[PDB]
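Structure first, commentary second.
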Amino acid sequence: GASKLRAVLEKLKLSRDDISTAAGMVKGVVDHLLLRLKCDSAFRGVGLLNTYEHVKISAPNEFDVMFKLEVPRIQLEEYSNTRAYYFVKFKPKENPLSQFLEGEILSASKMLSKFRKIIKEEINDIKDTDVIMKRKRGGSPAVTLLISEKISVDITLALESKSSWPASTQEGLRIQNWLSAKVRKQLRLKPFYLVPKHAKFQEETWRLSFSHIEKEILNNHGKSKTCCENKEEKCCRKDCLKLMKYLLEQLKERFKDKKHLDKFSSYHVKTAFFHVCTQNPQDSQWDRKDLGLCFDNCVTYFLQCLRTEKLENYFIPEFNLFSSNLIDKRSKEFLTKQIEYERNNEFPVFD
Ligand SMILES: Cn1ccc(-c2ccc(Cl)c(CNc3nc4[nH]c(Cc5ccccc5)cc(=O)n4n3)c2)n1
Ligand SMILES: [Zn+2]
């Protein structure tokens, strides 16, 4: 019941709070890479996007960092009505990414090749730690590093644009009735990001990225400004999200051997959870004592998304993350049956 859910959260918390040098070993290797990257004229603006960055909770030795780089005077062209994938053009100063142009369009291929080369140069330059660099599965993540053992670090490269968000976001981020119109504008004044990624041959498109929004909302998540600052206003929003990510991660681990769940990842969970926040904007709909009901309502909504094959991207509402062409009926049905079994049995995977 809600009692088991609380126990799971307690153990997830105790794993987080424990003394770990892995952060230190990773920060040591990352600060090395950021400096050597800064010596190359093409990557002088590079910096960490966010100064606990883990894709997984069940694998804590696995880190995820993102190197932002501003590209000002930026021009974008929507690719094939995908609403999310774009060509990156420029606008008479010397563009420091000149070596990376293939026509007017900036090449992700070229730019990642110099990215990896510099990082590959610096990994063999470190004598303190034995760091192994893996090879190009995709491009996002750009580089995977194995520090000592058990420590793996996925470094993604991302352009930054400090201009208005593209017009396909106009109806997105629908937090007005929950966090307010004022906050929605504040957020839309923040930069946006682009990371390399193909749609489905190989065009040179970039996918919009909003990696920096979630932490802004998670750490100020109530309709009330004092939500979760006193005993009278403890809510369970953050606990519901943790549980949903942990449920998905434990199922992916359980069924890692077959491919059924490989198409799902925690941003599907986050998308669905924040849609539930939009549907339920009042802090009183997330009272701590209703953890069991609130979480069950998150599960149920995510399942409805699976069965109906509709999960609208939080930022670009016309982009359906669960459409037929992205995830086949069979995978969604398999995830549906796993989660429904779990719920019918008070989640044995949480143990
Ligand atoms: C990593 N991946 C793989 C595929 C995509 C992707 C596909 C299509 C579009 Cl249309 C986009 C659009 N861009 C985009 N959408 C999100 N959604 C969240 C999750 C979230 C929701 C609500 C509040 C906070 C966070 C995280 C994130 O970083 N993004 N980035 C992203 N991304
Ligand atoms: Zn709260």
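Note: hydrogens, waters and symmetry copies are ignored here, and every other heavy atom, side chains too, is used. Positions are given from 1 along the sequence.
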Same apolar cluster (I L V M F W Y, side chains within < 4.5 Å links), [X]/[Y]:
X	Y	value
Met66	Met133	no
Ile57	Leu291	yes
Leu106	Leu112	yes
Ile123	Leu48	yes
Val55	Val26	no

Inter-residue atom distance [X].[atom1] - [Y].[atom2], 0.5 Å rounding:
X	Y	atom1	atom2	value
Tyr52	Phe63	OH	CZ	11.5 Å
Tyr267	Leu248	OH	CG	11.5 Å
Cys227	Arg237	SG	CZ	5.0 Å
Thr129	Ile151	OG1	CD1	8.5 Å
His54	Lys245	NE2	NZ	11.0 Å
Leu14	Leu9	CG	CG	11.0 Å

Query raised in the report: Is there side-chain contact between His221 and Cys277, with heavy atoms separated by less than 4.5 Å?
Result: no
Donor-acceptor under 3.5 Å ([X] side chain, [Y] main chain):
X	Y	result
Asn61	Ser152	no
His212	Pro191	yes
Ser107	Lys110	yes
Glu62	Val153	no
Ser80	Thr82	no
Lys252	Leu261	yes
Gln285	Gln282	yes
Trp286	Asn280	yes
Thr300	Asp296	yes
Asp290	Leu293	no

Query raised in the report: Would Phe322 and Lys310 satisfy side-chain contact (heavy atoms from CB on, under 4.5 Å), going step by step from the backbone distance to the final call?
Result: CA-CA 5 Å; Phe322 280 174; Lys310 295 154 178 281; 5.9 Å; no
For [X] and [Y], work out which heavy atoms get closest and say how close.
X	Y	answer
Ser41	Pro96	O-CB, 3.8 Å
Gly222	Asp283	CA-OD1, 3.4 Å
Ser113	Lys136	OG-NZ, 3.8 Å
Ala108	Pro196	CB-CB, 3.6 Å

Report summary line: Cluster membership besides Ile132, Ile/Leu/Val/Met/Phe/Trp/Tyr side chains within less than 4.5 angstrom, sorted by chain and number, is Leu146
Query - Chi angles and distances behind the side-chain contact (heavy atoms from CB on, under 4.5 Å) call for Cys235, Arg288 - result: CA-CA 5 Å; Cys235 88; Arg288 192 181 212 268; over 6 Å; no
Query raised in the report: Do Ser331 and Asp328 have side-chain N/O donor and acceptor atoms under 3.5 Å apart?
Result: yes
Query raised in the report: Under 3.5 Å, is there a donor-acceptor pair linking the side chains of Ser224 and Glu233?
Result: yes
NZ/NE/NH1/NH2 to OD/OE distance under 4.0 Å, [X] and [Y]:
X	Y	value
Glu342	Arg254	yes
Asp351	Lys4	yes
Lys256	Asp262	no
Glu249	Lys56	no

Requested in this report: Tell me, with the steps shown, if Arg83 and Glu318 meet salt bridge (charged side-chain N to carboxylate O under 4.0 Å, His left out).
Outcome: CA-CA 7 Å; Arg83 302 263 64 193; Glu318 298 151 280; 2.8 Å; yes
Report summary line: Exactly one candidate in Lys197, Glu203, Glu78, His198 meets side chain to side chain contact (heavy atoms under 4.5 Å, CB included) with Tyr85; the answer is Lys197
Query raised in the report: Pick from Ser161, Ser209, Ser211: which one makes a side chain to side chain contact (heavy atoms under 4.5 Å, CB included) with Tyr193?
Result: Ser209
Query raised in the report: Does anything in residues 165-181 pair up under side-chain hydrogen bond (donor to acceptor under 3.5 Å, both in side chains), and if so which pairs, sequence neighbours excluded?
Result: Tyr86-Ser168, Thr169-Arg188, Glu171-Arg174
Exercise answer: donor-acceptor pairs, residues 333-340 side-chain atoms, under 3.5 Å, sequence neighbours excluded:
from: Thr336; atom 1: OG1; to: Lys332; atom 2: O; distance (Å): 2.7
from: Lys337; atom 1: NZ; to: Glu340; atom 2: OE1; distance (Å): 3.1
from: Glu340; atom 1: OE2; to: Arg307; atom 2: NE; distance (Å): 3.4
from: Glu340; atom 1: OE2; to: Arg307; atom 2: NH2; distance (Å): 2.3

Report summary line: Residues pairing under salt bridge (charged side-chain N to carboxylate O under 4.0 Å, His left out) where one sits in residues 114-126, two or more places apart or in two chains, turn out to be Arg36-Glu121
Report task. Check the pair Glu312, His275 against side-chain contact (heavy atoms from CB on, under 4.5 Å), reporting the backbone distance first and the verdict last. Result -> CA-CA 9 Å; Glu312 304 186 350; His275 282 308; 4.0 Å; yes
Query raised in the report: What residues, two or more places apart in sequence or in another chain, satisfy ring pair (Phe, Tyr, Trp, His ring centres under 6.0 Å) together with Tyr246?
Result: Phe350
Query raised in the report: Are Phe295 and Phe347 close enough, and set up right, to give a ring-ring contact (aromatic ring centres under 6.0 Å, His included), and what steps lead you there?
Result: CA-CA 12 Å; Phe295 176 63; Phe347 301 96; 5.3 Å; yes
Could you label the plane-to-plane angle of the [X] and [Y] rings as parallel, tilted or perpendicular, counting under 30° as parallel and over 60° as perpendicular?
X	Y	answer
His268	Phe264	perpendicular
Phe192	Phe210	tilted
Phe115	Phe67	perpendicular

Query raised in the report: Could you go step by step and tell me if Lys234 and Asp287 meet the salt bridge (charged side-chain N to carboxylate O under 4.0 Å, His left out) rule?
Result: CA-CA 7 Å; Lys234 291 298 180 168; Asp287 202 310; over 6 Å; no
Query raised in the report: Quick one: salt bridge (charged side-chain N to carboxylate O under 4.0 Å, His left out) partners of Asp31, sequence neighbours excluded?
Result: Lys27
Requested in this report: In sequence, state the C-alpha distance, the side-chain angles, and the governing distance for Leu157 and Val195, and then conclude on side-chain contact (heavy atoms from CB on, under 4.5 Å).
Outcome: CA-CA 6 Å; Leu157 178 62; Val195 309; over 6 Å; no
